[PDB]
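Just the one chain here, laid out as structure tokens, in the form deposited in one PDB entry.
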């Protein structure tokens, strides 16, 4: 039950039991064995609580997420978790659903549980949230979802969402389109506003004007893709191509088109963004901008461990890069031959 119970069965001091258990000093074989034996019948399981109390670190990390079911998110989380495990850390998952109160709560429970570091993925960063976060500059942390380093008291991994938005637009332009519409994600997020603007730069470069009736705000959820695609194609004049800010929303856009009798890409070309695991099996196989979700995770974890173990003080930031994945949802547009 307790180290004391073990030391006693083994007839050695607890100081000894602890040394064999942690190979922190040489112990006579025979001695070791005895301890192991006792450890065994006693069915001892050392208390990490006790230990952490003395050693001052819990070997545990907290993820302050937005939600965890959304494919995008879910893929990152599973990555972060992979890393913790292989480096002996334990993951504490907390979804704040973009709720300040919730954020304030989890943040606290976390601090109380004395997590060695914090991985932050809150989507939106209002001042109040930015404020609560600084109050914990003491806990080592890294934000994995900004496009620029919003603050000095944290590490940051940046996705170059603007560059990707730009890649998306260029591709459409290079395929022959000039009448393009867009369904962006929330402008309050990096993956929302960022991708959009990247996209819009390329349009401007090509002197392509995007009429406002062709821009419909989504929320990364499929229903939102569904309604937007519908509002776009449900009009007199419709674009020949659509840039959809997120794969899952795109999936929604695909379904509406089909329900309206439109053909993809024969009638409308569709390009998404994220390259979630199932994008290839959408119907038709989705052409999209890939976000390195795995590296985003691993890179974030690593910066954390650094700050952790190597007691780093300076905020760091590391970029990651998106890349176009051609599938079958895009077709040449009316101006292809003219380039």
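Residue numbers count along the first chain shown, from 1.
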query: Do at least a third of the other entries of this protein fail to model residue 246?
result: no
- prompt: Thinking of the other compared PDB entries, is residue 108 one of those residues unmodelled in at least a third of them?
  reply: no
- request: Going by the average Cα B-factor in the PDB entry, point out whether 132-140 or 180-188 comes out higher.
  value: 132-140
- prompt: On average, are the C-alpha B-factors higher in 307-315 or in 57-65?
  reply: 307-315
- request: Using the entry's values, work out which of 245, 169, 94, 147 has the largest Cα B factor.
  value: 147
- line: Residue set 291, 52, 45, 287, per-entry CA B-factor max assigned to 45
field: Entry-reported Cα temperature factor of residue 296, expressed as the chain third it lands in
entry: middle
- line: So, residue 270's CA B-factor, relative to its chain, sits in which third? The middle
- line: The third of the chain into which the C-alpha temperature factor of residue 18 falls is the lowest
- request: Rank-wise, by C-alpha B-factor, drop residue 112 into the lowest, middle or highest third of its chain.
  value: lowest
query: Once the chain's modelled residues are ordered by C-alpha B factor and cut into thirds, is residue 127 in the lowest, middle or highest one?
result: highest
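Beyond what is shown, the protein has a form deposited in another entry; the following relates to that form.
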- request: Given a two-part rigid split of the chain between this form and the one not shown, flag whether residue 100 and residue 162 are grouped together.
  value: no
Distance direction in that other deposited form for the C-alpha atoms of residue 219 and residue 71, relative to the displayed form (3 angstroms or more): closer
